[PDB]
Amino acid sequence: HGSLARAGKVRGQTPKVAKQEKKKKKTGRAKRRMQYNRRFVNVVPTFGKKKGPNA
Amino acid sequence: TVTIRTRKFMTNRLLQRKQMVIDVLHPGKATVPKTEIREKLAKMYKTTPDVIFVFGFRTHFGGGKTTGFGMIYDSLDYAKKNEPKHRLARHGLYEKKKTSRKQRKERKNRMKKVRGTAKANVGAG
Amino acid sequence: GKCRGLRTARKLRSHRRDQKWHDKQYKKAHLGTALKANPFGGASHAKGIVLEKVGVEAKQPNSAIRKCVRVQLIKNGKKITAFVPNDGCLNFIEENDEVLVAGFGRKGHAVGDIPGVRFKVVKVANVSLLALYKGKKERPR
Amino acid sequence: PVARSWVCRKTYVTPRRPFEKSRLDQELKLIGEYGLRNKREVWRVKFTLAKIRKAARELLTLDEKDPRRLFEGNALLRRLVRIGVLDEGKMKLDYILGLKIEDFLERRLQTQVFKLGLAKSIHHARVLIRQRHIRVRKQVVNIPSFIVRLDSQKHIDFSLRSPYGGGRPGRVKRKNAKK
RNA sequence: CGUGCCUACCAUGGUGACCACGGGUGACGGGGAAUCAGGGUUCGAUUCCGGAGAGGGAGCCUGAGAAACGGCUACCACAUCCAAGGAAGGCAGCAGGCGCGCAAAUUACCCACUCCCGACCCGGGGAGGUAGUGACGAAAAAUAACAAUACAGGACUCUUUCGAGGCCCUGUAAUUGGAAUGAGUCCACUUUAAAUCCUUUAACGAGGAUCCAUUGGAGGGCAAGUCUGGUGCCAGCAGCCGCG
Ligand SMILES: [Mg+2]
Ligand SMILES: [Mg+2]
Ligand SMILES: [Mg+2]
Ligand SMILES: [Mg+2]
Ligand SMILES: [Mg+2]
Ligand SMILES: [Mg+2]
Ligand SMILES: [Mg+2]
Ligand SMILES: [Mg+2]
Ligand SMILES: [Mg+2]
Ligand SMILES: [Mg+2]
Ligand SMILES: [Mg+2]
Ligand SMILES: [Mg+2]
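About the criteria used
- Residues are labelled from 1 along each chain in written sequence order, independent of how the entry numbers them, and those without coordinates are excluded.
- For this description, chains carry letters from A and ligands carry numbers from 1, given in the order in which they are written.
- Remark: the chains included constitute part of a larger assembly, and values are reported for the included chains only.
- Hydrogens and water molecules were not included; the side-chain quantities draw on all heavy atoms of the structure.
- Buried and open spaces are told apart on a 1 Å grid over the protein atoms alone, a cavity being a set of points where a 1.4 Å probe fits but cannot get out and a pocket being an open set with protein on both sides within 12 Å along at least five of seven lines. Residues with an atom within 4 Å of a point are the lining residues.
- Grid points are joined across faces, edges and corners, and a volume is the space filled by probe spheres set on the points.
- Put simply, DSSP marks the helices as runs of H or I at least four residues long and the strands as runs of E at least two long, and each gets a number from the N terminus on.
- Classification convention: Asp, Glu, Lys, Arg as charged; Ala, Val, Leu, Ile, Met, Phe, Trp, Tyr, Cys, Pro as nonpolar; all other residues, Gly among them, as polar.
- The near set for a molecule or strand comprises every residue that places at least one heavy atom within 4 Å of it.
- By the criterion applied in these results, polar contacts are pairs of N or O atoms within 3.5 Å in which, for protein atoms, one can donate a hydrogen and the other can accept it, and in which residues neighboring in sequence qualify only through two side-chain atoms.
- Each residue is assigned to one of three classes by its accessible area relative to the maximum for its type, calculated with a 1.4 Å probe on protein chains only: buried under 20%, partly exposed between the two thresholds, exposed over 50%.
- In this analysis, strands are considered paired if DSSP registers two or more bridges between them.
- Buried residues of nine kinds, namely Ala, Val, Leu, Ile, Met, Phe, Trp, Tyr and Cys, make up a nonpolar core once their side-chain atoms join them within 4.5 Å.
- Here, residues are in contact when the closest pair of their heavy atoms is within 4.5 Å.
- Only C-alpha atoms enter the line fits that serve as axes; for helices the fit covers just the stretch in contact. Angles between N-to-C directions range over 0 to 180 degrees.
- Two parts lose some accessible area (1.4 Å probe) when they are put together, and adding that loss for both gives the buried area.

Per the deposited record, the coordinates in this entry were obtained by cryo-EM to a resolution of 3.6 Å.

Engineer: Honestly, the layout of surface pockets in this entry has me stumped. Any pointers?
Structural biologist: Any empty space left between atoms is shown by rolling a water-sized probe over those atoms. Computed from the structure, the largest pocket encloses a volume of approximately 640 Å³. Lining the largest pocket are 16 residues, with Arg38(A), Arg39(A), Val43(A), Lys51(A) and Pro53(A) sitting closest to its centre. For the lining of the largest pocket, the secondary structure elements donating two or more residues are helix 2 (29–39) of chain A together with helix 1 (21–34) of chain D. If one sorts the elements of the lining of the largest pocket by residue count, helix 1 of chain D sits on top with 3 residues. Residues that form the lining of the largest pocket fall into these classes: 7 nonpolar, 3 polar and 6 charged.

Engineer: Just to check I follow, could you spell out unusual backbone geometry for this structure?
Structural biologist: Apart from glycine, the bulk of residues carry a negative phi angle, and the bulk of peptide bonds sit in the trans form. Positive phi, close to 55°, is recorded for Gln16(B), a residue that is not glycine. Structurally, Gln16(B) can be placed in the loop between strand 1 (3–12) and strand 2 (17–26).

Engineer: What should I look at first to understand the protein's contact with RNA strand E in this one?
Structural biologist: Lining the immediate environment of RNA strand E, one finds 99 residues, of which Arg33(A), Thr31(B), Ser63(C), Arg44(D) and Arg130(D) sit closest. Counting only atoms of RNA strand E within 4 Å of the protein, the sugar-phosphate share comes to 72%. Within the backbone of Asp87(C), an N or O atom sits 2.8 Å from a phosphate oxygen of RNA strand E. Here a phosphate oxygen of RNA strand E and a backbone polar atom of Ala110(C) are 3.4 Å apart. Going through the elements one at a time, helix 1 (9–13) and helix 2 of chain A, helix 4 (103–113) of chain B, strand 1 (46–57) and strand 2 (65–73) of chain C together with helix 2 (40–61), helix 7 (122–130) and helix 8 (171–178) of chain D are the ones with two or more residues in the surface near RNA strand E. Its residues assigned to classes, the surface near RNA strand E shows 32 nonpolar, 28 polar and 39 charged.

Engineer: I'm lost on the pairing of strand 4 (residues 64–73) of chain B in this one. Help?
Structural biologist: Side-chain direction in a regular strand flips from residue to residue, so the side chains alternate between the two faces of the sheet. Residues and elements named next belong to chain B. Taken across its 10 residues, strand 4 has 7 buried, putting it largely inside the fold. The sheet contact formed by strand 2 and strand 4 spans 10 bridges and is antiparallel. Within strand 4, the residue paired with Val21 across the bridge is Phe69. Across 4 bridges, strand 3 (residues 52–55) lies against strand 4 in antiparallel orientation. Bridged to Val54 within strand 4 is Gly70.

Engineer: Would you mind going over the nonpolar core with me for this structure?
Structural biologist: As a rule of thumb, soluble globular proteins bury nonpolar side chains together. Counting 22 residues, the largest nonpolar core has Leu36(D), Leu80(D), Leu86(D), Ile96(D), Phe104(D) and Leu105(D) as the members making the most contacts within it. At the level of elements, helix 1, helix 2, helix 3 (67–83) and helix 5 (102–106) of chain D are the ones that each hand at least two residues to this core. Among the elements that line this core, the one with the most residues is helix 2 of chain D, at 6 residues. Residues within four places of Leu36(D) in sequence aside, it is in contact with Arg29(A), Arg32(A), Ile31(D), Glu41(D), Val42(D), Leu105(D) and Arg108(D). Core analysis: the second largest hydrophobic core is formed by 18 residues, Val71(C), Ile93(C), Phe119(C) and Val124(C) among them.

Engineer: For this particular structure, what's the right way to read the sheet that holds strand 3 of chain B?
Structural biologist: Strands belonging to one sheet form pairs held by backbone hydrogen bonds; the direction of such a pair is parallel or antiparallel. Residues and elements named next belong to chain B. In spatial order, the strands read 1-2-4-3; together these 4 strands make up an open sheet with antiparallel pairing. Two strands in the sheet have a free side with no partner beyond their single neighbour: strand 1 and strand 3. Taken over all neighbouring pairs, the strand axes of this sheet differ in orientation by 25° on average, direction set aside. Of the strands in this sheet, strand 1, strand 2, strand 3 and strand 4 touch helix 1 (residues 34–45), which is tilted by about 135° from strand 3.

Engineer: Looking at this structure, I do not really get the interface of chain D and chain B. What am I missing?
Structural biologist: It is common to give the size of an interface as the accessible area lost on bringing the parts into contact. With 5 residues of chain D at the contact, the number on the chain B side is 5 residues. Summed over both sides, the interface of chain D with chain B buries roughly 370 Å², with 42% coming from carbon and sulfur. Contact with chain B buries area across many residues of chain D, yet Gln139(D), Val140(D) and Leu160(D) alone supply 76% of it, more than any other trio. Joining chain D to chain B, the criterion identifies 0 residue pairs in polar contact. Its residues assigned to classes, the side of chain D that touches chain B comprises 2 nonpolar, 1 polar and 2 charged.

Engineer: What should I look at first to understand the sheet that holds strand 4 (residues 98–103) of chain C in this one?
Structural biologist: Residues and elements named next belong to chain C. Read across the open sheet, the 6 strands follow the order 3-2-1-4-5-6; overall the sheet is antiparallel. If you trace the sheet from one side to the other, it starts and ends with strand 3 (79–81) and strand 6 (127–128), each paired once. Sheet topology note: the strand 1/strand 2 ladder contains 9 bridges and is antiparallel. Bridge pairing in strand 2 places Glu52 opposite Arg70.

Engineer: How should I be thinking about empty space enclosed by the protein in this particular structure?
Structural biologist: For the coordinates displayed, the defined rule picks out 2 cavities of 30 Å³ or more. As a volume, the largest cavity reaches approximately 50 Å³. Element by element, the count of residues in the lining of the largest cavity is highest for strand 3 of chain B, at 3 residues. Grouping the amino acids of the lining of the largest cavity by side-chain chemistry returns 3 nonpolar, 1 polar and 3 charged. Put simply, the second largest cavity is a space of about 40 Å³. Every residue lining the second largest cavity is listed: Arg132(D), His133(D), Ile134(D), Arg135(D), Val140(D), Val141(D), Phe158(D) and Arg161(D). Tallied by class, residues from the lining of the second largest cavity come to 4 nonpolar, 1 polar and 3 charged.

This is the structure:
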């Protein structure tokens, strides 16, 4: 077919964005500590009818 | 500082030897080397220090007991005869002086090719 | 309707051994045509060298031009229409390059968008396509 | 040929459904309650409890006066008492099946440290049992996954260490900075 | 040694639809492995037992034991040195090399342990053991933590408290410590035939330039965004439905 060389069009016309400086991510036991403390200690004031885990 | 004790004890009067398991206790510094444990066991056995051998030392993961096998003999001639040459090599009684690979096998090959007077000439020289 | 006597186990094993062939999976697993018909010789991966680069059309509800690599094998020697997975990589796959191929999700069927391609490009001359689609491990020049 | 060892045990159960909301919530609150690293060491405790349940049902299958049932049941009760899950009371074989997952996690090392002091925030007790600071007996304990046996249960000391044993492991840095 | 194993004569017998006979097996046979109600299904070349073979296949000396192949003779296919008249070879042993393939380790040290051979307490053993590559797979497990001061996003005990916090999760690129311990830098040990690795201890050894956790996904199954900007059935995504 004549339009076979339409390759890399999106990665050639997509503007690049510099990945900004993100802090280090605590892993393992610390990650499970923050996953427990994100959704098991101070969420129950917000009642379980509505849910807001990401927006 | 250190404390050397025995755990299991056997006696073989056929070879004039006494075998034991040695635990050295450490609430302090590192594993005591070959010389000082041998000297303290020779002092506790109250004989000449050139007769008692010991081999193997463990460590129970931070201080504690170190475990080894000790051979207390009574005769130095029986020590030179009964102990193997690798345990004579700790004090340097036996030396082989050519600890090289393929020497024996290449002498076997050079004695396998030729035979007789030429074999005694090449294989020895 | 069955046969349920104490001396009927020969009749049972004969009947189940006859009716077991009518399943598709048993006959494609224990008939030699799944060795002497397919490529790979019954394998998972095979190297191959590019013969041509052909764009195929997609199905009827999806209007797309998929990119395919006609692969000449090394082991069997069959001609295989492969598929370039990602967005670029048509510029990264040149003419007559060593290409490792695999399946999509199933040996029998193909992907519901591509009509007649069972195979998918993995490597480009001993350096994989995921690295070339990312920034590291660029091809030899 | 060679003859050294060929044996392989997998104390690891991956569940059938990978993504269950209530089960992942239960596992996350279990990890956050008992201070763990990942879910494979939850699945270890799950596999050991399931193996105990399978052995208990295999014993309860047999007749009451069976010698294998009596011997293995008395041995299993003795082992569970020496672990510390059961009491010296109900010695029934269905009382073995009437157990939960949290009992072995309570009978781990740092949870018994939490019950008997010197723990001070289980997330810090992880560091206190990784570093040589909590030592069940003269043989030094280092590994967190350690079952505290009921026979002693109280010998938690530490010798030749930083806060009480002595020495200058890193305070010599601060002292050389002040000098 | 008992045998249609062979020979001479005599009889016409023997097996089979309860699958005889003939084919294929990407078929060495098992103890076993994977798979979790039970019943089953699929592999087992592989460390232990037995069998077969040393490129194919035939014959044989010695010896108690071989149709042996790190024994021999002849044929076929390979293949080395020739000074061209002739010799010499069988890694489906240990390393290693070529080819093949998606696919698999170093021309290492030692008889120290295990046993094995021999005339023998003494010799030898790529049988084996040690070491190198190794994310086939399994076991334990830090990855920056934690207890402190303070702005408080403020849930909670209760009193008009617009808070008394001897309970508190959290953003704190805000400060202070155990300056911990771990990885690595390395004395001395130890192990070891000689080393290496496990452990011990001497001196070093973290403050975001740290000593850096990645692999896939965020429409439903299936956990998680009706966020932002381009691309506009093009690129593509998606194993299925589907989106553009
Ligand atoms: Mg399909
Ligand atoms: Mg075969
Ligand atoms: Mg099973
Ligand atoms: Mg079964
Ligand atoms: Mg037989
Ligand atoms: Mg043979
Ligand atoms: Mg042989
Ligand atoms: Mg050979
Ligand atoms: Mg060959
Ligand atoms: Mg994606
Ligand atoms: Mg969902
Ligand atoms: Mg996918």
